[PDB]
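Trainee: mmCIF, N, CA and C atoms, saved as query32.cif, coming up:
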```cif
data_run
loop_
_atom_site.group_PDB
_atom_site.id
_atom_site.type_symbol
_atom_site.label_atom_id
_atom_site.label_comp_id
_atom_site.auth_asym_id
_atom_site.auth_seq_id
_atom_site.Cartn_x
_atom_site.Cartn_y
_atom_site.Cartn_z
ATOM 1 N N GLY F 1 0.806 -1.206 0.000
ATOM 2 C CA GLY F 1 0.000 0.000 0.000
ATOM 3 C C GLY F 1 0.842 1.261 0.000
ATOM 4 N N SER F 2 0.262 2.359 -0.473
ATOM 5 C CA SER F 2 0.969 3.633 -0.531
ATOM 6 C C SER F 2 -0.014 4.800 -0.528
ATOM 7 N N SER F 3 0.152 5.703 0.433
ATOM 8 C CA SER F 3 -0.722 6.864 0.549
ATOM 9 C C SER F 3 -0.601 7.760 -0.680
ATOM 10 N N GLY F 4 -1.465 8.768 -0.756
ATOM 11 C CA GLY F 4 -1.440 9.683 -1.884
ATOM 12 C C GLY F 4 -2.078 11.019 -1.560
ATOM 13 N N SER F 5 -1.337 12.098 -1.792
ATOM 14 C CA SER F 5 -1.834 13.440 -1.516
ATOM 15 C C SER F 5 -0.928 14.496 -2.144
ATOM 16 N N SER F 6 -1.540 15.504 -2.756
ATOM 17 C CA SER F 6 -0.789 16.576 -3.399
ATOM 18 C C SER F 6 -1.713 17.721 -3.801
ATOM 19 N N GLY F 7 -1.178 18.938 -3.788
ATOM 20 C CA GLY F 7 -1.968 20.100 -4.152
ATOM 21 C C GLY F 7 -1.263 21.403 -3.833
ATOM 22 N N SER F 8 -0.478 21.898 -4.785
ATOM 23 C CA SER F 8 0.258 23.142 -4.598
ATOM 24 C C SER F 8 -0.493 24.317 -5.216
ATOM 25 N N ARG F 9 -0.159 25.524 -4.773
ATOM 26 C CA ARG F 9 -0.802 26.730 -5.281
ATOM 27 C C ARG F 9 0.192 27.594 -6.052
ATOM 28 N N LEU F 10 0.147 27.499 -7.377
ATOM 29 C CA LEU F 10 1.044 28.271 -8.230
ATOM 30 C C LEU F 10 1.120 29.722 -7.768
ATOM 31 N N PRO F 11 2.304 30.332 -7.922
ATOM 32 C CA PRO F 11 2.535 31.726 -7.530
ATOM 33 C C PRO F 11 1.800 32.710 -8.432
ATOM 34 N N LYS F 12 0.614 33.128 -8.002
ATOM 35 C CA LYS F 12 -0.189 34.072 -8.770
ATOM 36 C C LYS F 12 0.666 35.227 -9.280
ATOM 37 N N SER F 13 1.754 35.509 -8.571
ATOM 38 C CA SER F 13 2.655 36.591 -8.950
ATOM 39 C C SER F 13 4.014 36.043 -9.377
ATOM 40 N N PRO F 14 4.530 36.553 -10.505
ATOM 41 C CA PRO F 14 5.826 36.131 -11.045
ATOM 42 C C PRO F 14 6.993 36.598 -10.183
ATOM 43 N N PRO F 15 8.191 36.067 -10.470
ATOM 44 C CA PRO F 15 8.386 35.090 -11.546
ATOM 45 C C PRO F 15 7.755 33.740 -11.226
ATOM 46 N N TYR F 16 7.855 32.808 -12.167
ATOM 47 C CA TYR F 16 7.292 31.475 -11.985
ATOM 48 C C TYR F 16 8.388 30.413 -12.001
ATOM 49 N N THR F 17 8.800 29.981 -10.814
ATOM 50 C CA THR F 17 9.841 28.969 -10.688
ATOM 51 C C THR F 17 9.243 27.567 -10.640
ATOM 52 N N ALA F 18 9.770 26.674 -11.471
ATOM 53 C CA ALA F 18 9.290 25.299 -11.519
ATOM 54 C C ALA F 18 10.258 24.354 -10.818
ATOM 55 N N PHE F 19 9.712 23.379 -10.099
ATOM 56 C CA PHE F 19 10.529 22.409 -9.378
ATOM 57 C C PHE F 19 10.493 21.049 -10.068
ATOM 58 N N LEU F 20 11.670 20.483 -10.310
ATOM 59 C CA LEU F 20 11.775 19.183 -10.963
ATOM 60 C C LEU F 20 12.410 18.155 -10.032
ATOM 61 N N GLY F 21 11.968 16.907 -10.149
ATOM 62 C CA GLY F 21 12.506 15.849 -9.312
ATOM 63 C C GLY F 21 12.810 14.589 -10.097
ATOM 64 N N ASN F 22 13.567 13.683 -9.487
ATOM 65 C CA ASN F 22 13.933 12.429 -10.137
ATOM 66 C C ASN F 22 14.596 12.690 -11.487
ATOM 67 N N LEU F 23 15.640 13.511 -11.478
ATOM 68 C CA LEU F 23 16.363 13.842 -12.701
ATOM 69 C C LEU F 23 17.530 12.885 -12.920
ATOM 70 N N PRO F 24 17.771 12.525 -14.189
ATOM 71 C CA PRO F 24 18.859 11.616 -14.561
ATOM 72 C C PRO F 24 20.234 12.247 -14.376
ATOM 73 N N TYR F 25 21.277 11.493 -14.702
ATOM 74 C CA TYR F 25 22.645 11.980 -14.570
ATOM 75 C C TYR F 25 23.146 12.561 -15.888
ATOM 76 N N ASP F 26 22.331 12.437 -16.930
ATOM 77 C CA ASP F 26 22.689 12.952 -18.247
ATOM 78 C C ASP F 26 22.017 14.297 -18.504
ATOM 79 N N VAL F 27 21.026 14.627 -17.681
ATOM 80 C CA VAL F 27 20.303 15.886 -17.820
ATOM 81 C C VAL F 27 21.263 17.068 -17.867
ATOM 82 N N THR F 28 21.404 17.662 -19.048
ATOM 83 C CA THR F 28 22.292 18.804 -19.228
ATOM 84 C C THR F 28 21.500 20.100 -19.360
ATOM 85 N N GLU F 29 22.211 21.224 -19.366
ATOM 86 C CA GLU F 29 21.572 22.529 -19.486
ATOM 87 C C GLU F 29 20.710 22.600 -20.743
ATOM 88 N N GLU F 30 21.207 22.014 -21.828
ATOM 89 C CA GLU F 30 20.482 22.011 -23.093
ATOM 90 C C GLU F 30 19.223 21.155 -22.999
ATOM 91 N N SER F 31 19.291 20.103 -22.189
ATOM 92 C CA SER F 31 18.159 19.201 -22.012
ATOM 93 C C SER F 31 16.953 19.946 -21.447
ATOM 94 N N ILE F 32 17.211 20.852 -20.510
ATOM 95 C CA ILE F 32 16.149 21.633 -19.890
ATOM 96 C C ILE F 32 15.494 22.569 -20.900
ATOM 97 N N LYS F 33 16.304 23.129 -21.792
ATOM 98 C CA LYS F 33 15.805 24.040 -22.814
ATOM 99 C C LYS F 33 14.827 23.330 -23.745
ATOM 100 N N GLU F 34 15.210 22.143 -24.204
ATOM 101 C CA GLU F 34 14.366 21.363 -25.101
ATOM 102 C C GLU F 34 13.159 20.798 -24.358
ATOM 103 N N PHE F 35 13.364 20.440 -23.095
ATOM 104 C CA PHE F 35 12.294 19.884 -22.275
ATOM 105 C C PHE F 35 11.136 20.869 -22.152
ATOM 106 N N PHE F 36 11.466 22.152 -22.052
ATOM 107 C CA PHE F 36 10.454 23.195 -21.928
ATOM 108 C C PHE F 36 10.261 23.927 -23.252
ATOM 109 N N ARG F 37 10.715 23.306 -24.336
ATOM 110 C CA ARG F 37 10.595 23.900 -25.662
ATOM 111 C C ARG F 37 9.194 24.462 -25.882
ATOM 112 N N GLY F 38 9.117 25.590 -26.584
ATOM 113 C CA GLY F 38 7.834 26.211 -26.850
ATOM 114 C C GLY F 38 7.482 27.275 -25.830
ATOM 115 N N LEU F 39 7.822 27.020 -24.571
ATOM 116 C CA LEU F 39 7.537 27.963 -23.496
ATOM 117 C C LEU F 39 8.548 29.104 -23.490
ATOM 118 N N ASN F 40 8.412 30.004 -22.520
ATOM 119 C CA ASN F 40 9.316 31.143 -22.401
ATOM 120 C C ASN F 40 10.194 31.014 -21.161
ATOM 121 N N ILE F 41 11.454 30.649 -21.370
ATOM 122 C CA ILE F 41 12.396 30.490 -20.268
ATOM 123 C C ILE F 41 13.328 31.693 -20.167
ATOM 124 N N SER F 42 13.567 32.148 -18.942
ATOM 125 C CA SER F 42 14.440 33.293 -18.707
ATOM 126 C C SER F 42 15.830 32.837 -18.274
ATOM 127 N N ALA F 43 15.887 31.693 -17.601
ATOM 128 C CA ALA F 43 17.153 31.145 -17.131
ATOM 129 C C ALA F 43 16.968 29.740 -16.564
ATOM 130 N N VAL F 44 18.036 28.951 -16.591
ATOM 131 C CA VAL F 44 17.992 27.586 -16.080
ATOM 132 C C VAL F 44 18.854 27.438 -14.831
ATOM 133 N N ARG F 45 18.248 26.940 -13.757
ATOM 134 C CA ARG F 45 18.960 26.750 -12.500
ATOM 135 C C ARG F 45 19.383 25.293 -12.330
ATOM 136 N N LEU F 46 20.689 25.069 -12.233
ATOM 137 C CA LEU F 46 21.225 23.723 -12.068
ATOM 138 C C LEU F 46 22.298 23.692 -10.985
ATOM 139 N N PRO F 47 21.866 23.516 -9.728
ATOM 140 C CA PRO F 47 22.774 23.461 -8.579
ATOM 141 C C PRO F 47 23.621 22.193 -8.569
ATOM 142 N N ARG F 48 24.881 22.331 -8.170
ATOM 143 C CA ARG F 48 25.795 21.197 -8.116
ATOM 144 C C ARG F 48 26.242 20.926 -6.682
ATOM 145 N N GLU F 49 26.462 19.653 -6.367
ATOM 146 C CA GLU F 49 26.891 19.261 -5.030
ATOM 147 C C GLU F 49 27.977 20.200 -4.510
ATOM 148 N N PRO F 50 27.993 20.409 -3.184
ATOM 149 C CA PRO F 50 28.972 21.283 -2.534
ATOM 150 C C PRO F 50 30.380 20.696 -2.557
ATOM 151 N N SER F 51 30.491 19.456 -3.022
ATOM 152 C CA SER F 51 31.781 18.779 -3.093
ATOM 153 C C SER F 51 32.107 18.385 -4.530
ATOM 154 N N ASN F 52 31.158 17.726 -5.188
ATOM 155 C CA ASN F 52 31.344 17.290 -6.567
ATOM 156 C C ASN F 52 30.525 18.151 -7.524
ATOM 157 N N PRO F 53 31.176 19.166 -8.111
ATOM 158 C CA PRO F 53 30.528 20.081 -9.056
ATOM 159 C C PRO F 53 30.190 19.404 -10.379
ATOM 160 N N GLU F 54 30.855 18.286 -10.654
ATOM 161 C CA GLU F 54 30.624 17.544 -11.888
ATOM 162 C C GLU F 54 29.338 16.727 -11.798
ATOM 163 N N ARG F 55 28.894 16.466 -10.573
ATOM 164 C CA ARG F 55 27.677 15.694 -10.351
ATOM 165 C C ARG F 55 26.508 16.610 -9.996
ATOM 166 N N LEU F 56 25.332 16.290 -10.524
ATOM 167 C CA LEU F 56 24.136 17.083 -10.264
ATOM 168 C C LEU F 56 23.610 16.831 -8.855
ATOM 169 N N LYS F 57 23.022 17.860 -8.255
ATOM 170 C CA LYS F 57 22.473 17.751 -6.909
ATOM 171 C C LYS F 57 21.360 16.710 -6.858
ATOM 172 N N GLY F 58 20.318 16.924 -7.657
ATOM 173 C CA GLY F 58 19.204 15.995 -7.689
ATOM 174 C C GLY F 58 17.917 16.648 -8.151
ATOM 175 N N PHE F 59 17.816 17.958 -7.951
ATOM 176 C CA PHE F 59 16.626 18.702 -8.348
ATOM 177 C C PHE F 59 16.985 19.822 -9.319
ATOM 178 N N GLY F 60 16.053 20.144 -10.213
ATOM 179 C CA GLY F 60 16.290 21.195 -11.185
ATOM 180 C C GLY F 60 15.198 22.247 -11.180
ATOM 181 N N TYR F 61 15.584 23.499 -11.396
ATOM 182 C CA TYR F 61 14.630 24.602 -11.411
ATOM 183 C C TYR F 61 14.810 25.461 -12.658
ATOM 184 N N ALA F 62 13.707 26.017 -13.150
ATOM 185 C CA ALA F 62 13.741 26.863 -14.336
ATOM 186 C C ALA F 62 12.874 28.103 -14.152
ATOM 187 N N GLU F 63 13.344 29.232 -14.674
ATOM 188 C CA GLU F 63 12.611 30.487 -14.565
ATOM 189 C C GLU F 63 11.742 30.719 -15.797
ATOM 190 N N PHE F 64 10.496 31.119 -15.569
ATOM 191 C CA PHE F 64 9.563 31.374 -16.660
ATOM 192 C C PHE F 64 9.037 32.805 -16.603
ATOM 193 N N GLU F 65 8.487 33.273 -17.719
ATOM 194 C CA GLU F 65 7.948 34.626 -17.796
ATOM 195 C C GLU F 65 6.422 34.603 -17.830
ATOM 196 N N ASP F 66 5.869 33.765 -18.700
ATOM 197 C CA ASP F 66 4.422 33.647 -18.832
ATOM 198 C C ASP F 66 3.882 32.544 -17.926
ATOM 199 N N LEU F 67 2.632 32.692 -17.503
ATOM 200 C CA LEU F 67 1.998 31.709 -16.631
ATOM 201 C C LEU F 67 1.773 30.392 -17.368
ATOM 202 N N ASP F 68 1.479 30.487 -18.660
ATOM 203 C CA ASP F 68 1.244 29.303 -19.478
ATOM 204 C C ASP F 68 2.459 28.381 -19.463
ATOM 205 N N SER F 69 3.640 28.971 -19.301
ATOM 206 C CA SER F 69 4.880 28.203 -19.273
ATOM 207 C C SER F 69 4.872 27.201 -18.124
ATOM 208 N N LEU F 70 4.486 27.667 -16.942
ATOM 209 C CA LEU F 70 4.433 26.812 -15.762
ATOM 210 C C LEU F 70 3.364 25.735 -15.916
ATOM 211 N N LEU F 71 2.203 26.131 -16.426
ATOM 212 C CA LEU F 71 1.099 25.199 -16.628
ATOM 213 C C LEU F 71 1.535 24.014 -17.482
ATOM 214 N N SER F 72 2.204 24.306 -18.593
ATOM 215 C CA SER F 72 2.676 23.265 -19.498
ATOM 216 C C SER F 72 3.763 22.422 -18.837
ATOM 217 N N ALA F 73 4.540 23.050 -17.961
ATOM 218 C CA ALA F 73 5.613 22.360 -17.257
ATOM 219 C C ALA F 73 5.066 21.221 -16.404
ATOM 220 N N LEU F 74 3.920 21.457 -15.774
ATOM 221 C CA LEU F 74 3.292 20.451 -14.925
ATOM 222 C C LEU F 74 2.934 19.205 -15.731
ATOM 223 N N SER F 75 2.660 19.398 -17.017
ATOM 224 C CA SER F 75 2.302 18.292 -17.897
ATOM 225 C C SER F 75 3.496 17.369 -18.121
ATOM 226 N N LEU F 76 4.686 17.859 -17.790
ATOM 227 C CA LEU F 76 5.908 17.080 -17.955
ATOM 228 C C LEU F 76 6.255 16.333 -16.671
ATOM 229 N N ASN F 77 5.280 16.224 -15.774
ATOM 230 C CA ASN F 77 5.482 15.533 -14.507
ATOM 231 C C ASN F 77 5.657 14.033 -14.727
ATOM 232 N N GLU F 78 5.218 13.555 -15.888
ATOM 233 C CA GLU F 78 5.326 12.140 -16.221
ATOM 234 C C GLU F 78 6.220 11.934 -17.440
ATOM 235 N N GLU F 79 6.190 12.894 -18.358
ATOM 236 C CA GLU F 79 6.997 12.818 -19.570
ATOM 237 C C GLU F 79 8.358 12.193 -19.278
ATOM 238 N N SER F 80 8.645 11.077 -19.943
ATOM 239 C CA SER F 80 9.910 10.378 -19.752
ATOM 240 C C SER F 80 11.050 11.120 -20.444
ATOM 241 N N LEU F 81 11.954 11.678 -19.647
ATOM 242 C CA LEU F 81 13.093 12.417 -20.181
ATOM 243 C C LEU F 81 14.317 11.514 -20.302
ATOM 244 N N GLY F 82 14.725 11.241 -21.538
ATOM 245 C CA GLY F 82 15.881 10.395 -21.768
ATOM 246 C C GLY F 82 15.597 8.934 -21.479
ATOM 247 N N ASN F 83 15.962 8.487 -20.282
ATOM 248 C CA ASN F 83 15.744 7.101 -19.885
ATOM 249 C C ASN F 83 15.002 7.025 -18.554
ATOM 250 N N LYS F 84 14.650 8.187 -18.013
ATOM 251 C CA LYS F 84 13.935 8.255 -16.744
ATOM 252 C C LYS F 84 12.818 9.293 -16.804
ATOM 253 N N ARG F 85 11.922 9.248 -15.824
ATOM 254 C CA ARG F 85 10.807 10.185 -15.765
ATOM 255 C C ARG F 85 11.013 11.207 -14.652
ATOM 256 N N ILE F 86 10.622 12.449 -14.916
ATOM 257 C CA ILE F 86 10.764 13.519 -13.937
ATOM 258 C C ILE F 86 9.405 14.089 -13.545
ATOM 259 N N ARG F 87 9.330 14.654 -12.344
ATOM 260 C CA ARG F 87 8.088 15.236 -11.849
ATOM 261 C C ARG F 87 8.187 16.758 -11.792
ATOM 262 N N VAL F 88 7.096 17.431 -12.145
ATOM 263 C CA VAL F 88 7.060 18.889 -12.133
ATOM 264 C C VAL F 88 6.080 19.405 -11.086
ATOM 265 N N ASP F 89 6.569 20.268 -10.202
ATOM 266 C CA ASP F 89 5.735 20.838 -9.149
ATOM 267 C C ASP F 89 6.020 22.327 -8.979
ATOM 268 N N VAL F 90 5.107 23.026 -8.310
ATOM 269 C CA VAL F 90 5.259 24.458 -8.078
ATOM 270 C C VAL F 90 6.362 24.735 -7.062
ATOM 271 N N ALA F 91 7.328 25.558 -7.456
ATOM 272 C CA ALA F 91 8.439 25.907 -6.581
ATOM 273 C C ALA F 91 8.190 27.240 -5.882
ATOM 274 N N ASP F 92 8.568 27.316 -4.611
ATOM 275 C CA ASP F 92 8.384 28.535 -3.831
ATOM 276 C C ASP F 92 9.419 29.588 -4.218
ATOM 277 N N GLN F 93 8.966 30.828 -4.368
ATOM 278 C CA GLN F 93 9.853 31.926 -4.738
ATOM 279 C C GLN F 93 10.841 32.229 -3.616
ATOM 280 N N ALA F 94 11.923 31.460 -3.564
ATOM 281 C CA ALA F 94 12.945 31.648 -2.541
ATOM 282 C C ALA F 94 14.045 32.583 -3.030
ATOM 283 N N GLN F 95 14.042 33.810 -2.518
ATOM 284 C CA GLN F 95 15.040 34.800 -2.905
ATOM 285 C C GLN F 95 15.975 35.116 -1.741
ATOM 286 N N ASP F 96 17.155 35.634 -2.059
ATOM 287 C CA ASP F 96 18.139 35.981 -1.040
ATOM 288 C C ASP F 96 19.127 37.014 -1.568
ATOM 289 N N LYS F 97 19.407 38.027 -0.755
ATOM 290 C CA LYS F 97 20.338 39.082 -1.138
ATOM 291 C C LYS F 97 21.502 39.165 -0.157
ATOM 292 N N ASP F 98 22.639 39.659 -0.636
ATOM 293 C CA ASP F 98 23.827 39.793 0.201
ATOM 294 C C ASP F 98 24.486 41.153 -0.006
ATOM 295 N N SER F 99 25.531 41.422 0.769
ATOM 296 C CA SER F 99 26.247 42.689 0.674
ATOM 297 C C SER F 99 27.724 42.504 1.010
ATOM 298 N N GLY F 100 28.548 43.450 0.568
ATOM 299 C CA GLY F 100 29.973 43.374 0.831
ATOM 300 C C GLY F 100 30.604 44.742 1.004
ATOM 301 N N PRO F 101 31.623 44.823 1.872
ATOM 302 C CA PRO F 101 32.332 46.075 2.147
ATOM 303 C C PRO F 101 33.177 46.534 0.963
ATOM 304 N N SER F 102 33.899 47.634 1.149
ATOM 305 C CA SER F 102 34.747 48.179 0.095
ATOM 306 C C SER F 102 35.556 49.366 0.607
ATOM 307 N N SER F 103 36.863 49.333 0.362
ATOM 308 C CA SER F 103 37.750 50.403 0.802
ATOM 309 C C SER F 103 38.702 50.815 -0.316
ATOM 310 N N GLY F 104 39.346 51.965 -0.144
ATOM 311 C CA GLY F 104 40.276 52.452 -1.147
ATOM 312 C C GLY F 104 40.515 53.946 -1.039
#
```
Will you turn the file into structure tokens for me?

Mentor:
Amino acid sequence: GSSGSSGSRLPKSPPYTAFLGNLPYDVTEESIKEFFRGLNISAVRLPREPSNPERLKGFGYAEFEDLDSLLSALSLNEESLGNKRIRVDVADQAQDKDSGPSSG
């Protein structure tokens, strides 16, 4: 047996960040572009392990401009990418700013 429950609330306000899971080891930057082909992407987020930069972390995120982009992304929650299947869910708008000194 296995429970089942899900229901996220897309960010009514942009930008629209998409969350991907169960990504392969071949998933490259170009793969994300083609995966979301047709939609409007502003940038691709691909975090790498804090130790092995050559290896992917495990999750992928992409920035969108139009709302339709995110909607279509959810349809790729099953779409088999390469040799494995990935899931698409609504990602929380997690932002962070920093600052630095300066002399001279």

Trainee: Could you pull the residues within 12 Å of range 20-34 of chain F, counting only C-alpha atoms, minus those fewer than 2 positions along the same chain, as number ranges by chain?

Mentor: F: 17-18, 36-48, 54-64, 70, 73-91

Trainee: Work out how far apart CA of residue 10 in chain F and CA of residue 67 in chain F are and give it in Å to one decimal.

Mentor: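 About the pair CA of residue 10 in chain F and CA of residue 67 in chain F: they are 9.1 Å apart.
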
Trainee: Using DSSP secondary structure from the backbone, list all alpha helix (DSSP H) positions within chain F, as a PyMOL selection string.

Mentor: chain F and resi 29-35+67-74

Trainee: In Å to one decimal, how far is CA of residue 11 in chain F from atom C of residue 68 in chain F?

Mentor: 12.4 Å

Trainee: Could you give me the centre and size, in Å to one decimal, of an axis-aligned box around all listed atoms of range 68-73 of chain F with 3 Å added on every side, as AutoDock Vina command-line options?

Mentor:
```
--center_x 3.4 --center_y 25.9 --center_z -17.6 --size_x 10.5 --size_y 15.3 --size_z 9.7
```

Trainee: Record the distance separating CA of residue 66 in chain F and atom N of residue 98 in chain F, expressed in Å with one decimal.

Mentor: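 Going from CA of residue 66 in chain F over to atom N of residue 98 in chain F, I get 26.4 Å.
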
Trainee: Would you kindly place N, CA, C and O atoms on range 72-95 of chain F and return the model as a PDB file, keeping the file's coordinate frame?

Mentor:
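What ended up in out-v9.pdb:
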```pdb
ATOM      1  N   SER F  72       2.204  24.306 -18.593  1.00  0.00           N
ATOM      2  CA  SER F  72       2.676  23.265 -19.498  1.00  0.00           C
ATOM      3  C   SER F  72       3.763  22.422 -18.837  1.00  0.00           C
ATOM      4  O   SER F  72       3.893  21.230 -19.113  1.00  0.00           O
ATOM      5  N   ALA F  73       4.540  23.050 -17.961  1.00  0.00           N
ATOM      6  CA  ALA F  73       5.613  22.360 -17.257  1.00  0.00           C
ATOM      7  C   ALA F  73       5.066  21.221 -16.404  1.00  0.00           C
ATOM      8  O   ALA F  73       5.669  20.150 -16.317  1.00  0.00           O
ATOM      9  N   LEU F  74       3.920  21.457 -15.774  1.00  0.00           N
ATOM     10  CA  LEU F  74       3.292  20.451 -14.925  1.00  0.00           C
ATOM     11  C   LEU F  74       2.934  19.205 -15.731  1.00  0.00           C
ATOM     12  O   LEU F  74       2.909  18.096 -15.199  1.00  0.00           O
ATOM     13  N   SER F  75       2.660  19.398 -17.017  1.00  0.00           N
ATOM     14  CA  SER F  75       2.302  18.292 -17.897  1.00  0.00           C
ATOM     15  C   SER F  75       3.496  17.369 -18.121  1.00  0.00           C
ATOM     16  O   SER F  75       3.344  16.237 -18.583  1.00  0.00           O
ATOM     17  N   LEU F  76       4.686  17.859 -17.790  1.00  0.00           N
ATOM     18  CA  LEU F  76       5.908  17.080 -17.955  1.00  0.00           C
ATOM     19  C   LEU F  76       6.255  16.333 -16.671  1.00  0.00           C
ATOM     20  O   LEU F  76       7.379  15.865 -16.498  1.00  0.00           O
ATOM     21  N   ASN F  77       5.280  16.224 -15.774  1.00  0.00           N
ATOM     22  CA  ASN F  77       5.482  15.533 -14.507  1.00  0.00           C
ATOM     23  C   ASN F  77       5.657  14.033 -14.727  1.00  0.00           C
ATOM     24  O   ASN F  77       6.176  13.326 -13.864  1.00  0.00           O
ATOM     25  N   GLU F  78       5.218  13.555 -15.888  1.00  0.00           N
ATOM     26  CA  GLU F  78       5.326  12.140 -16.221  1.00  0.00           C
ATOM     27  C   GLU F  78       6.220  11.934 -17.440  1.00  0.00           C
ATOM     28  O   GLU F  78       6.921  10.928 -17.544  1.00  0.00           O
ATOM     29  N   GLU F  79       6.190  12.894 -18.358  1.00  0.00           N
ATOM     30  CA  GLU F  79       6.997  12.818 -19.570  1.00  0.00           C
ATOM     31  C   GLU F  79       8.358  12.193 -19.278  1.00  0.00           C
ATOM     32  O   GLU F  79       9.129  12.708 -18.469  1.00  0.00           O
ATOM     33  N   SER F  80       8.645  11.077 -19.943  1.00  0.00           N
ATOM     34  CA  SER F  80       9.910  10.378 -19.752  1.00  0.00           C
ATOM     35  C   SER F  80      11.050  11.120 -20.444  1.00  0.00           C
ATOM     36  O   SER F  80      11.109  11.184 -21.673  1.00  0.00           O
ATOM     37  N   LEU F  81      11.954  11.678 -19.647  1.00  0.00           N
ATOM     38  CA  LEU F  81      13.093  12.417 -20.181  1.00  0.00           C
ATOM     39  C   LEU F  81      14.317  11.514 -20.302  1.00  0.00           C
ATOM     40  O   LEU F  81      14.881  11.078 -19.300  1.00  0.00           O
ATOM     41  N   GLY F  82      14.725  11.241 -21.538  1.00  0.00           N
ATOM     42  CA  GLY F  82      15.881  10.395 -21.768  1.00  0.00           C
ATOM     43  C   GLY F  82      15.597   8.934 -21.479  1.00  0.00           C
ATOM     44  O   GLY F  82      15.058   8.221 -22.325  1.00  0.00           O
ATOM     45  N   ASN F  83      15.962   8.487 -20.282  1.00  0.00           N
ATOM     46  CA  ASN F  83      15.744   7.101 -19.885  1.00  0.00           C
ATOM     47  C   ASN F  83      15.002   7.025 -18.554  1.00  0.00           C
ATOM     48  O   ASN F  83      14.753   5.940 -18.029  1.00  0.00           O
ATOM     49  N   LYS F  84      14.650   8.187 -18.013  1.00  0.00           N
ATOM     50  CA  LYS F  84      13.935   8.255 -16.744  1.00  0.00           C
ATOM     51  C   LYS F  84      12.818   9.293 -16.804  1.00  0.00           C
ATOM     52  O   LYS F  84      12.772  10.116 -17.718  1.00  0.00           O
ATOM     53  N   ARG F  85      11.922   9.248 -15.824  1.00  0.00           N
ATOM     54  CA  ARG F  85      10.807  10.185 -15.765  1.00  0.00           C
ATOM     55  C   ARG F  85      11.013  11.207 -14.652  1.00  0.00           C
ATOM     56  O   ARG F  85      11.517  10.877 -13.577  1.00  0.00           O
ATOM     57  N   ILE F  86      10.622  12.449 -14.916  1.00  0.00           N
ATOM     58  CA  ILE F  86      10.764  13.519 -13.937  1.00  0.00           C
ATOM     59  C   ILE F  86       9.405  14.089 -13.545  1.00  0.00           C
ATOM     60  O   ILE F  86       8.445  14.019 -14.313  1.00  0.00           O
ATOM     61  N   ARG F  87       9.330  14.654 -12.344  1.00  0.00           N
ATOM     62  CA  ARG F  87       8.088  15.236 -11.849  1.00  0.00           C
ATOM     63  C   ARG F  87       8.187  16.758 -11.792  1.00  0.00           C
ATOM     64  O   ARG F  87       9.229  17.310 -11.436  1.00  0.00           O
ATOM     65  N   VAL F  88       7.096  17.431 -12.145  1.00  0.00           N
ATOM     66  CA  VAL F  88       7.060  18.889 -12.133  1.00  0.00           C
ATOM     67  C   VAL F  88       6.080  19.405 -11.086  1.00  0.00           C
ATOM     68  O   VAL F  88       4.908  19.031 -11.079  1.00  0.00           O
ATOM     69  N   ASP F  89       6.569  20.268 -10.202  1.00  0.00           N
ATOM     70  CA  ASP F  89       5.735  20.838  -9.149  1.00  0.00           C
ATOM     71  C   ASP F  89       6.020  22.327  -8.979  1.00  0.00           C
ATOM     72  O   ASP F  89       7.042  22.833  -9.443  1.00  0.00           O
ATOM     73  N   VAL F  90       5.107  23.026  -8.310  1.00  0.00           N
ATOM     74  CA  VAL F  90       5.259  24.458  -8.078  1.00  0.00           C
ATOM     75  C   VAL F  90       6.362  24.735  -7.062  1.00  0.00           C
ATOM     76  O   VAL F  90       6.336  24.218  -5.947  1.00  0.00           O
ATOM     77  N   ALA F  91       7.328  25.558  -7.456  1.00  0.00           N
ATOM     78  CA  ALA F  91       8.439  25.907  -6.581  1.00  0.00           C
ATOM     79  C   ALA F  91       8.190  27.240  -5.882  1.00  0.00           C
ATOM     80  O   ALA F  91       7.665  28.178  -6.484  1.00  0.00           O
ATOM     81  N   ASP F  92       8.568  27.316  -4.611  1.00  0.00           N
ATOM     82  CA  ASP F  92       8.384  28.535  -3.831  1.00  0.00           C
ATOM     83  C   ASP F  92       9.419  29.588  -4.218  1.00  0.00           C
ATOM     84  O   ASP F  92      10.600  29.281  -4.377  1.00  0.00           O
ATOM     85  N   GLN F  93       8.966  30.828  -4.368  1.00  0.00           N
ATOM     86  CA  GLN F  93       9.853  31.926  -4.738  1.00  0.00           C
ATOM     87  C   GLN F  93      10.841  32.229  -3.616  1.00  0.00           C
ATOM     88  O   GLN F  93      10.627  33.139  -2.816  1.00  0.00           O
ATOM     89  N   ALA F  94      11.923  31.460  -3.564  1.00  0.00           N
ATOM     90  CA  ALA F  94      12.945  31.648  -2.541  1.00  0.00           C
ATOM     91  C   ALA F  94      14.045  32.583  -3.030  1.00  0.00           C
ATOM     92  O   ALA F  94      14.876  32.201  -3.854  1.00  0.00           O
ATOM     93  N   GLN F  95      14.042  33.810  -2.518  1.00  0.00           N
ATOM     94  CA  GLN F  95      15.040  34.800  -2.905  1.00  0.00           C
ATOM     95  C   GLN F  95      15.975  35.116  -1.741  1.00  0.00           C
ATOM     96  O   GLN F  95      15.631  34.893  -0.580  1.00  0.00           O
TER      97      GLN F  95
END
```
